[PDB]
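data39.cif (mmCIF, C-alpha atoms and all ligand atoms) appears below.
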```
data_upload
#
loop_
_atom_site.label_atom_id
_atom_site.label_comp_id
_atom_site.auth_asym_id
_atom_site.auth_seq_id
_atom_site.Cartn_x
_atom_site.Cartn_y
_atom_site.Cartn_z
CA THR A 2 59.22 -23.52 22.27
CA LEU A 3 57.32 -20.42 20.98
CA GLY A 4 58.76 -17.82 18.58
CA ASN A 5 57.42 -14.66 16.92
CA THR A 6 56.78 -16.02 13.39
CA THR A 7 53.54 -16.82 11.50
CA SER A 8 53.71 -18.24 8.02
CA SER A 9 51.01 -18.27 5.36
CA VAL A 10 50.42 -20.45 2.26
CA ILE A 11 48.07 -19.05 -0.44
CA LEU A 12 45.62 -21.68 -1.74
CA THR A 13 44.02 -22.27 -5.15
CA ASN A 14 40.29 -23.01 -5.26
CA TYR A 15 39.50 -25.44 -8.09
CA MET A 16 35.68 -25.59 -8.72
CA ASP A 17 34.90 -25.37 -4.90
CA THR A 18 35.85 -29.09 -4.68
CA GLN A 19 39.66 -28.94 -4.46
CA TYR A 20 41.83 -26.53 -2.40
CA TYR A 21 45.56 -26.83 -2.64
CA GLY A 22 48.82 -24.89 -2.08
CA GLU A 23 52.46 -25.17 -3.21
CA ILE A 24 55.46 -26.74 -1.49
CA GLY A 25 59.08 -27.30 -2.56
CA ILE A 26 61.00 -30.58 -1.94
CA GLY A 27 64.80 -31.00 -2.34
CA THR A 28 67.79 -28.95 -3.51
CA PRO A 29 67.09 -27.21 -5.83
CA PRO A 30 63.32 -27.20 -4.96
CA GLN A 31 60.89 -29.37 -6.98
CA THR A 32 57.45 -27.76 -6.55
CA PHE A 33 54.21 -29.69 -5.98
CA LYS A 34 50.55 -28.72 -5.65
CA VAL A 35 49.48 -30.29 -2.31
CA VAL A 36 46.33 -30.59 -0.21
CA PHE A 37 46.75 -29.55 3.46
CA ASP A 38 44.71 -32.37 4.99
CA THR A 39 43.56 -32.47 8.67
CA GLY A 40 42.11 -35.94 7.99
CA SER A 41 45.59 -37.49 7.47
CA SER A 42 49.10 -37.29 8.97
CA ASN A 43 51.42 -38.32 6.11
CA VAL A 44 53.20 -36.16 3.52
CA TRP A 45 53.35 -37.71 0.05
CA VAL A 46 54.06 -36.64 -3.54
CA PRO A 47 54.05 -38.83 -6.76
CA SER A 48 57.51 -40.41 -7.42
CA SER A 49 59.67 -40.46 -10.59
CA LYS A 50 59.84 -44.24 -9.87
CA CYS A 51 56.01 -44.54 -10.51
CA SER A 52 55.33 -46.80 -13.56
CA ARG A 53 54.22 -44.61 -16.50
CA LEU A 54 51.55 -47.34 -17.00
CA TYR A 55 49.79 -45.42 -14.06
CA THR A 56 48.32 -42.57 -16.23
CA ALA A 57 48.00 -40.39 -13.02
CA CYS A 58 51.84 -40.33 -12.88
CA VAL A 59 51.91 -39.08 -16.53
CA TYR A 60 49.65 -36.07 -15.54
CA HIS A 61 51.25 -35.07 -12.23
CA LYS A 62 54.57 -33.64 -11.07
CA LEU A 63 56.95 -36.47 -10.09
CA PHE A 64 59.62 -36.19 -7.38
CA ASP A 65 63.05 -37.23 -8.68
CA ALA A 66 65.52 -37.94 -5.82
CA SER A 67 68.36 -38.17 -8.44
CA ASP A 68 67.95 -34.35 -8.90
CA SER A 69 68.09 -33.47 -5.18
CA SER A 70 71.43 -32.97 -3.36
CA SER A 71 69.69 -32.86 0.09
CA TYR A 72 67.85 -36.20 -0.38
CA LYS A 73 68.41 -38.99 2.17
CA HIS A 74 67.34 -42.55 1.30
CA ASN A 75 64.99 -44.70 3.47
CA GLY A 76 62.97 -47.09 1.30
CA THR A 77 60.51 -48.42 3.95
CA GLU A 78 57.23 -49.35 2.12
CA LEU A 79 54.04 -47.42 2.91
CA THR A 80 50.37 -47.83 1.93
CA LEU A 81 47.86 -45.04 2.56
CA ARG A 82 44.24 -46.02 2.24
CA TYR A 83 41.44 -43.48 1.93
CA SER A 84 37.65 -43.65 1.36
CA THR A 85 38.24 -42.73 -2.39
CA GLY A 86 41.21 -44.91 -3.25
CA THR A 87 44.70 -46.04 -2.19
CA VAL A 88 48.31 -44.96 -2.74
CA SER A 89 51.51 -46.93 -2.10
CA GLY A 90 55.24 -46.27 -2.35
CA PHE A 91 58.23 -45.82 -0.05
CA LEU A 92 59.68 -43.41 2.51
CA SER A 93 62.28 -40.75 1.67
CA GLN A 94 63.73 -37.75 3.52
CA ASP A 95 64.45 -34.26 2.12
CA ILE A 96 64.07 -30.54 2.84
CA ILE A 97 60.51 -29.22 2.36
CA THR A 98 59.70 -25.48 1.88
CA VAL A 99 56.22 -24.48 3.22
CA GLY A 100 55.53 -20.73 3.09
CA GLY A 101 59.02 -19.64 4.13
CA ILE A 102 59.56 -22.37 6.75
CA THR A 103 62.29 -24.85 5.64
CA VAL A 104 62.01 -28.24 7.44
CA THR A 105 63.75 -31.65 7.07
CA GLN A 106 60.80 -34.01 6.54
CA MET A 107 60.19 -37.75 5.95
CA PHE A 108 57.58 -38.26 3.18
CA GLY A 109 56.19 -40.93 0.88
CA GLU A 110 57.29 -41.29 -2.73
CA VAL A 111 54.14 -42.76 -4.30
CA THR A 112 54.84 -45.44 -6.99
CA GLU A 113 51.19 -46.68 -7.29
CA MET A 114 48.66 -43.94 -7.93
CA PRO A 115 45.24 -45.08 -9.40
CA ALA A 116 43.41 -43.15 -12.17
CA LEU A 117 40.40 -43.18 -9.87
CA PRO A 118 40.45 -40.68 -8.23
CA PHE A 119 43.93 -39.20 -9.04
CA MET A 120 43.15 -38.47 -12.73
CA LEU A 121 40.59 -35.98 -11.35
CA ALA A 122 43.14 -34.55 -8.89
CA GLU A 123 44.44 -31.03 -9.63
CA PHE A 124 46.88 -31.40 -6.72
CA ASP A 125 49.90 -33.72 -7.02
CA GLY A 126 50.18 -34.82 -3.36
CA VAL A 127 49.14 -34.43 0.30
CA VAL A 128 50.55 -32.64 3.38
CA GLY A 129 48.84 -34.30 6.36
CA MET A 130 47.95 -31.87 9.19
CA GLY A 131 46.76 -34.67 11.52
CA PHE A 132 48.49 -36.14 14.62
CA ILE A 133 51.40 -38.68 14.78
CA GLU A 134 48.83 -41.26 16.20
CA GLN A 135 47.24 -41.48 12.70
CA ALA A 136 50.58 -41.47 10.77
CA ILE A 137 51.30 -44.63 8.74
CA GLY A 138 54.70 -46.03 9.75
CA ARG A 139 54.53 -43.58 12.76
CA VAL A 140 56.37 -40.91 10.67
CA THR A 141 56.62 -37.48 12.35
CA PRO A 142 54.00 -35.14 10.73
CA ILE A 143 55.27 -31.86 9.17
CA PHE A 144 53.49 -29.65 11.84
CA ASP A 145 55.22 -31.63 14.67
CA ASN A 146 58.58 -30.98 12.89
CA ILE A 147 57.68 -27.25 12.45
CA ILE A 148 56.70 -26.99 16.24
CA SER A 149 60.12 -28.60 17.07
CA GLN A 150 61.81 -25.59 15.38
CA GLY A 151 60.34 -23.27 18.06
CA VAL A 152 59.75 -20.49 15.51
CA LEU A 153 55.86 -20.30 15.58
CA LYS A 154 54.09 -17.58 17.65
CA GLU A 155 51.45 -20.21 18.66
CA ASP A 156 51.11 -23.99 18.31
CA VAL A 157 48.00 -23.54 16.01
CA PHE A 158 47.18 -23.48 12.28
CA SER A 159 44.12 -21.93 10.53
CA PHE A 160 42.20 -22.54 7.30
CA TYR A 161 40.38 -20.05 5.08
CA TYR A 162 38.53 -21.54 2.02
CA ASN A 163 37.00 -18.92 -0.27
CA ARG A 164 33.94 -19.28 -2.58
CA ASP A 165 35.12 -19.92 -6.27
CA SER A 166 36.32 -17.24 -8.79
CA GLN A 170 39.82 -14.22 -10.04
CA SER A 171 41.40 -13.51 -6.57
CA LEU A 172 42.32 -15.61 -3.40
CA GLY A 173 41.36 -19.32 -3.37
CA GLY A 174 42.16 -19.75 0.30
CA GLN A 175 44.91 -19.40 2.92
CA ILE A 176 46.56 -21.57 5.68
CA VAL A 177 48.25 -19.66 8.49
CA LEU A 178 50.84 -21.68 10.44
CA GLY A 179 51.38 -20.24 13.90
CA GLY A 180 48.11 -18.26 14.14
CA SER A 181 44.99 -17.02 12.29
CA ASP A 182 44.20 -14.15 9.88
CA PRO A 183 41.60 -11.66 11.24
CA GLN A 184 41.04 -10.32 7.68
CA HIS A 185 39.24 -13.63 6.83
CA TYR A 186 36.97 -14.00 9.98
CA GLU A 187 34.55 -11.86 12.06
CA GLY A 188 33.11 -12.12 15.56
CA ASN A 189 34.99 -14.39 17.97
CA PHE A 190 36.08 -17.97 17.78
CA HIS A 191 33.94 -20.56 19.60
CA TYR A 192 36.02 -23.69 20.43
CA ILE A 193 34.97 -27.34 20.80
CA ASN A 194 37.46 -29.69 22.53
CA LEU A 195 38.60 -32.87 20.78
CA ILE A 196 37.04 -36.13 22.02
CA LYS A 197 40.60 -37.54 22.27
CA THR A 198 44.07 -36.35 21.13
CA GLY A 199 45.40 -37.94 17.92
CA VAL A 200 42.32 -37.23 15.72
CA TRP A 201 40.77 -33.83 14.57
CA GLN A 202 37.35 -35.06 15.74
CA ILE A 203 34.77 -33.38 17.98
CA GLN A 204 31.37 -34.34 19.46
CA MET A 205 28.23 -33.23 17.55
CA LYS A 206 25.00 -32.79 19.65
CA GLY A 207 22.55 -32.86 16.70
CA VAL A 208 21.87 -32.13 13.01
CA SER A 209 18.66 -30.27 12.11
CA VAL A 210 16.93 -29.97 8.71
CA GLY A 211 14.78 -26.84 8.67
CA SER A 212 13.86 -26.32 12.37
CA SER A 213 13.45 -29.88 13.79
CA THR A 214 16.48 -31.96 15.09
CA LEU A 215 15.86 -34.78 12.59
CA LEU A 216 19.36 -36.42 12.96
CA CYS A 217 22.17 -37.11 15.51
CA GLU A 218 19.52 -36.66 18.36
CA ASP A 219 21.44 -38.80 20.89
CA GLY A 220 24.80 -37.30 19.81
CA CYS A 221 27.38 -38.30 17.17
CA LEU A 222 30.93 -37.66 15.93
CA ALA A 223 32.16 -34.88 13.61
CA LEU A 224 35.56 -35.13 11.93
CA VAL A 225 36.88 -31.65 10.75
CA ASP A 226 38.58 -32.63 7.44
CA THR A 227 40.22 -29.86 5.31
CA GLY A 228 41.15 -32.54 2.69
CA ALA A 229 37.51 -33.43 2.01
CA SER A 230 35.31 -31.57 -0.52
CA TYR A 231 31.99 -32.16 1.19
CA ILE A 232 30.08 -32.57 4.41
CA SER A 233 29.61 -36.34 4.79
CA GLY A 234 27.56 -38.62 7.06
CA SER A 235 26.82 -42.40 7.22
CA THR A 236 24.73 -43.96 4.37
CA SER A 237 21.68 -44.15 6.73
CA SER A 238 22.10 -40.55 8.00
CA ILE A 239 22.39 -39.15 4.43
CA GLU A 240 19.35 -41.30 3.37
CA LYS A 241 17.18 -39.61 6.08
CA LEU A 242 18.71 -36.15 5.24
CA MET A 243 18.07 -36.51 1.51
CA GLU A 244 14.50 -37.81 2.00
CA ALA A 245 13.90 -34.59 4.02
CA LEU A 246 15.42 -32.47 1.17
CA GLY A 247 13.57 -34.28 -1.67
CA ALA A 248 16.85 -35.47 -3.32
CA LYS A 249 17.53 -38.43 -5.74
CA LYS A 250 20.50 -40.82 -5.20
CA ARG A 251 22.84 -41.19 -8.16
CA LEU A 252 26.06 -43.22 -8.61
CA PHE A 253 28.37 -40.89 -6.58
CA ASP A 254 26.21 -37.87 -5.62
CA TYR A 255 22.73 -36.69 -4.58
CA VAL A 256 20.85 -34.25 -6.80
CA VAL A 257 17.73 -32.08 -6.79
CA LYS A 258 16.19 -30.50 -9.92
CA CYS A 259 17.94 -27.09 -10.28
CA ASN A 260 14.71 -25.04 -9.89
CA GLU A 261 13.98 -26.61 -6.44
CA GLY A 262 17.53 -25.77 -5.16
CA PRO A 263 16.91 -22.28 -3.65
CA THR A 264 13.74 -23.51 -1.76
CA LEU A 265 15.70 -26.18 0.21
CA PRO A 266 15.82 -25.82 4.05
CA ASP A 267 18.75 -24.70 6.23
CA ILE A 268 20.98 -27.43 7.68
CA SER A 269 22.25 -26.83 11.22
CA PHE A 270 25.09 -28.61 13.04
CA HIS A 271 25.14 -28.44 16.84
CA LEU A 272 28.81 -28.21 17.93
CA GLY A 273 29.86 -26.92 21.34
CA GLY A 274 27.54 -24.20 22.54
CA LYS A 275 26.56 -22.88 19.05
CA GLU A 276 24.43 -23.98 16.02
CA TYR A 277 26.38 -23.87 12.71
CA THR A 278 23.83 -23.17 9.96
CA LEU A 279 24.26 -23.57 6.19
CA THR A 280 21.53 -22.33 3.79
CA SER A 281 20.90 -24.07 0.41
CA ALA A 282 23.31 -21.45 -1.16
CA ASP A 283 26.06 -22.98 1.07
CA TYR A 284 25.42 -26.63 0.06
CA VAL A 285 23.88 -26.61 -3.54
CA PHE A 286 25.99 -26.32 -6.75
CA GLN A 287 23.41 -23.90 -8.24
CA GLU A 288 24.67 -24.31 -11.88
CA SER A 289 21.23 -23.26 -13.28
CA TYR A 290 17.61 -22.49 -12.20
CA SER A 291 16.06 -24.95 -14.70
CA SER A 292 13.37 -27.56 -13.93
CA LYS A 293 14.95 -29.60 -16.82
CA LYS A 294 18.43 -29.90 -15.17
CA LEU A 295 19.91 -31.64 -12.13
CA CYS A 296 21.96 -29.78 -9.50
CA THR A 297 24.47 -31.55 -7.24
CA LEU A 298 24.48 -31.12 -3.46
CA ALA A 299 27.80 -30.68 -1.57
CA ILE A 300 26.73 -33.40 0.95
CA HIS A 301 27.69 -37.07 0.32
CA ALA A 302 27.38 -40.45 2.15
CA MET A 303 30.64 -41.87 3.41
CA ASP A 304 30.76 -44.88 5.69
CA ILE A 305 33.87 -44.35 7.81
CA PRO A 306 34.89 -47.53 9.72
CA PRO A 307 36.02 -47.92 13.40
CA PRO A 308 38.00 -46.70 15.33
CA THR A 309 37.39 -43.20 13.71
CA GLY A 310 33.88 -44.03 12.43
CA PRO A 311 30.89 -44.16 12.15
CA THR A 312 31.37 -40.35 11.91
CA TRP A 313 30.33 -37.24 10.03
CA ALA A 314 33.06 -35.30 8.23
CA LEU A 315 32.92 -31.49 7.89
CA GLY A 316 34.85 -30.73 4.71
CA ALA A 317 35.24 -27.68 2.40
CA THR A 318 31.38 -27.17 2.31
CA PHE A 319 31.57 -26.33 6.08
CA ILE A 320 34.96 -24.46 6.09
CA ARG A 321 33.80 -22.08 3.32
CA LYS A 322 31.14 -20.76 5.77
CA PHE A 323 33.27 -21.13 8.95
CA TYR A 324 36.94 -20.02 9.20
CA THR A 325 38.61 -22.88 11.19
CA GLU A 326 41.44 -22.83 13.75
CA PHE A 327 43.20 -26.09 14.74
CA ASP A 328 44.68 -25.74 18.25
CA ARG A 329 47.43 -28.33 18.96
CA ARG A 330 48.25 -26.68 22.34
CA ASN A 331 44.71 -27.07 23.77
CA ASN A 332 43.42 -30.04 21.67
CA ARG A 333 40.49 -28.01 20.30
CA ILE A 334 39.01 -26.62 17.06
CA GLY A 335 37.75 -23.04 16.82
CA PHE A 336 35.16 -21.70 14.35
CA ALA A 337 34.26 -18.15 13.28
CA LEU A 338 32.11 -16.79 10.47
CA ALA A 339 34.37 -16.46 7.39
CA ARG A 340 34.87 -12.98 5.69
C1 LIG A 401 39.06 -29.78 -0.13
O1 LIG A 401 39.99 -30.01 -1.20
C2 LIG A 401 40.92 -31.10 -0.95
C3 LIG A 401 40.98 -32.08 -2.16
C4 LIG A 401 39.60 -32.72 -2.45
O2 LIG A 401 39.63 -33.64 -3.57
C5 LIG A 401 39.98 -35.00 -3.46
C6 LIG A 401 40.22 -35.66 -2.22
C7 LIG A 401 40.58 -37.02 -2.19
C8 LIG A 401 40.83 -37.66 -0.84
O3 LIG A 401 39.93 -38.42 -0.53
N1 LIG A 401 41.88 -37.33 0.01
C9 LIG A 401 42.02 -38.03 1.31
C10 LIG A 401 40.87 -37.79 2.32
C11 LIG A 401 40.79 -36.45 3.09
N2 LIG A 401 41.33 -36.78 4.42
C12 LIG A 401 40.99 -38.19 4.73
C13 LIG A 401 40.77 -38.90 3.38
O4 LIG A 401 39.48 -39.50 3.16
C14 LIG A 401 39.07 -40.43 4.01
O5 LIG A 401 39.45 -41.58 3.93
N3 LIG A 401 38.14 -39.95 4.87
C15 LIG A 401 37.57 -40.82 5.89
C16 LIG A 401 38.52 -40.96 7.10
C17 LIG A 401 39.21 -39.83 7.59
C18 LIG A 401 40.06 -39.96 8.70
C19 LIG A 401 40.22 -41.22 9.33
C20 LIG A 401 39.56 -42.36 8.84
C21 LIG A 401 38.72 -42.22 7.71
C22 LIG A 401 42.99 -36.44 -0.46
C23 LIG A 401 44.15 -37.31 -1.01
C24 LIG A 401 43.48 -35.39 0.56
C25 LIG A 401 40.65 -37.74 -3.39
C26 LIG A 401 40.41 -37.10 -4.63
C27 LIG A 401 40.08 -35.72 -4.67
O6 LIG A 401 39.80 -35.00 -5.85
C28 LIG A 401 39.70 -35.64 -7.14
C1 LIG A 402 63.80 -45.18 7.90
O1 LIG A 402 63.33 -44.21 8.85
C2 LIG A 402 62.96 -44.77 10.13
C3 LIG A 402 62.42 -43.64 10.97
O2 LIG A 402 61.72 -44.15 12.11
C4 LIG A 402 64.17 -45.47 10.73
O3 LIG A 402 63.85 -46.01 12.01
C5 LIG A 402 64.65 -46.56 9.78
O4 LIG A 402 65.77 -47.25 10.34
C6 LIG A 402 65.01 -45.95 8.42
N1 LIG A 402 65.41 -46.99 7.48
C7 LIG A 402 66.50 -46.90 6.70
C8 LIG A 402 66.77 -48.09 5.82
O5 LIG A 402 67.24 -45.92 6.71
#
```
Kindly present the structure from the file in structure tokens form.
Ligand SMILES: COCCCOc1cc(C(=O)N(C[C@@H]2CNC[C@H]2OC(=O)NCc2ccccc2)C(C)C)ccc1OC
Ligand SMILES: *[C@@H]1O[C@H](CO)[C@@H](O)[C@H](O)[C@H]1NC(C)=O
Amino acid sequence: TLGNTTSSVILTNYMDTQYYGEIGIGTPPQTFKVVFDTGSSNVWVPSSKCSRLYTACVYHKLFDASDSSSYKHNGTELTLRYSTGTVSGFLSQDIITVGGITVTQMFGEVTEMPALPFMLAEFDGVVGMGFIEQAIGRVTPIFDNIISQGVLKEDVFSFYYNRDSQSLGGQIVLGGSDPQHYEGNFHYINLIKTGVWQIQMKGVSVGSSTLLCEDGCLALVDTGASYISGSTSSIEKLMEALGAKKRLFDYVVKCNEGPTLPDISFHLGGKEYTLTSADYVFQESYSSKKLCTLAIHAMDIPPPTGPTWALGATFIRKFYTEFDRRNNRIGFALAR
């Protein structure tokens, strides 16, 4: 069912690494800073029932079911594993407010939240924008519940991620896109298969020559990821071509050599999506005596999803992204 309503959620841009919005859960609403994540399909917030021995639960907003009159118990255990760490807890149901839209949603109340990486998290929880096929405990994702309401003008959602500030951090439009944040026309790439926000990549070129992904590879479009990521071997070849040194968690170049770095192009659909060094270097200085981080990391993603590249915030900053549930495709346009 299609309505006449589009809903927007204003996002906060923390250091160009974290983009999050606000949602309300329960009656009266308990507000949480959440990541809208295309790489996952579960909604979770930290629980009041999380041991205060987990320091992350001391520094984040906790959901207290004892303060919500609209809360409905479930208690089924859930464990969500990511490339960065793991969260566990139990299922609960309540009313969630997302930019005006009020929806009854099943979500996870996280009772085990590790310091690494959640002590570095500015957001409290996650709102998965993925498909039911990837949902742990096959819980209906929030977008599927919003579609069911038949209020949205279109069965699509769009992401705008700005470049760091003091104005707009970003914006998610549910039910459409915002022309004020893109220019030209969208160019779509169909999903390999329904259930995952993943598309086929024809090649990755450093400078002018198609150095990587020559025989084709996979590209996951992940709004919940900070960087552009490839397999350990791919990133090794990429970095050798850039003249970068491997560190514990990141790759770096001396700050002075940052602006001289070549363009990186991603062949998706018909078009070549090019990022210059300004789009992928954290140019904190211009000094030969300092190290500058690159917004490209190695991440070995396992089967069935992987081995795959992941196009995170580094990519979305340059390209305004539309996620089409109706046509199982992702559109890209140059961000304004
Ligand atoms: C752009 O600003 C958003 C916030 C960025 O800051 C952070 C992100 C994460 C994080 O890692 N995630 C979960 C990933 C994104 N989706 C999938 C998952 O990672 C995979 O596990 N990716 C690989 C994968 C993806 C899909 C299927 C299989 C495997 C948060 C919970 C949303 C952890 C700590 C952070 O800051 C200190
Ligand atoms: C929890 O929710 C699921 C939804 O699929 C339901 O099947 C299950 O019976 C519920 N459990 C309880 C204890 O209410």
| request: Pick out the residues no farther than 6 Å from ligand LIG 401 (chain A), counting only C-alpha atoms and all ligand atoms, and list them as a list in words. | output: residues 18, 19, 20, 36, 38, 40, 41, 83, 84, 85, 118, 119, 121, 122, 127, 226, 227, 228, 229, 230, 305, 309 and 317 of chain A
| Within 9 Å of ligand LIG 402 (chain A), counting only C-alpha atoms and all ligand atoms, residues as a list in words | residues 73, 74, 75, 76, 77, 92, 93, 94, 107, 138, 139, 140 and 141 of chain A
| field | atom CA of residue 245 of chain A to atom CA of residue 257 of chain A, distance in Å rounded to a single decimal | value | 11.7 Å
| query | Could you tell me, as a PyMOL selection string, which residues have any atom at most 10 Å from (42.4, -22.7, 10.1), counting only C-alpha atoms? | reply | chain A and resi 39+157-162+175-178+180-182+227+320+323-328+334-337
Convert the current residue selection to file output with C-alpha atoms, as a compact mmCIF listing (two decimals), in the coordinates of the input.
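Printed below is result00.txt as written:
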```txt
# COMPACT_ATOMS: atom_id res chain seq x y z
CA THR A 39 43.56 -32.47 8.67
CA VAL A 157 48.00 -23.54 16.01
CA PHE A 158 47.18 -23.48 12.28
CA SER A 159 44.12 -21.93 10.53
CA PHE A 160 42.20 -22.54 7.30
CA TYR A 161 40.38 -20.05 5.08
CA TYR A 162 38.53 -21.54 2.02
CA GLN A 175 44.91 -19.40 2.92
CA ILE A 176 46.56 -21.57 5.68
CA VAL A 177 48.25 -19.66 8.49
CA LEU A 178 50.84 -21.68 10.44
CA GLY A 180 48.11 -18.26 14.14
CA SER A 181 44.99 -17.02 12.29
CA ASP A 182 44.20 -14.15 9.88
CA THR A 227 40.22 -29.86 5.31
CA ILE A 320 34.96 -24.46 6.09
CA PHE A 323 33.27 -21.13 8.95
CA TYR A 324 36.94 -20.02 9.20
CA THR A 325 38.61 -22.88 11.19
CA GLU A 326 41.44 -22.83 13.75
CA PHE A 327 43.20 -26.09 14.74
CA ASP A 328 44.68 -25.74 18.25
CA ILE A 334 39.01 -26.62 17.06
CA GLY A 335 37.75 -23.04 16.82
CA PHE A 336 35.16 -21.70 14.35
CA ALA A 337 34.26 -18.15 13.28
```
| What gap, in Å, lies between atom CA of residue 68 of chain A and atom CA of residue 149 of chain A? |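 Computing it gives 27.7 Å between the two atoms.
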| remark: atom CA of residue 313 of chain A sits from atom CA of residue 11 of chain A at a separation of 27.5 Å
| task | Show which residues sit within 6 Å of residue 280 of chain A, as a PyMOL selection string. Count all atoms listed in the file, and ignore same-chain residues fewer than 2 positions away. | result | chain A and resi 267+282-283
Got time to write the residues from that selection, C-alpha atoms, as an mmCIF file, keeping the file's coordinate frame?
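Written out: out.cif:
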```cif
data_model
loop_
_atom_site.group_PDB
_atom_site.id
_atom_site.type_symbol
_atom_site.label_atom_id
_atom_site.label_comp_id
_atom_site.auth_asym_id
_atom_site.auth_seq_id
_atom_site.Cartn_x
_atom_site.Cartn_y
_atom_site.Cartn_z
ATOM 1 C CA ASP A 267 18.750 -24.700 6.230
ATOM 2 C CA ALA A 282 23.310 -21.450 -1.160
ATOM 3 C CA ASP A 283 26.060 -22.980 1.070
#
```
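When all atoms listed in the file are used to compute distances to residue 303 of chain A, the closest of the residues A:270, A:15, A:231, A:286 turns out to be A:231.
The closest residue to residue 62 of chain A, picked from A:148, A:99, A:285, A:46 and counting all atoms listed in the file, is A:46.
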| query | Within 8 Å of residue 340 of chain A, counting only C-alpha atoms, which residues qualify if same-chain residues fewer than 4 places away don't, as a PyMOL selection string? | reply | chain A and resi 184-187
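Using only C-alpha atoms, the contacts of residue 16 of chain A at a cut-off of 9 Å, with sequence neighbours closer than 5 positions omitted, comprise residues 164, 165 and 166 of chain A.
The list of residues with at least one atom within 8 Å of residue 61 of chain A, based on all atoms listed in the file and without residues fewer than 2 positions apart in the same chain, reads residues 47, 57, 58, 59, 63, 124 and 125 of chain A.
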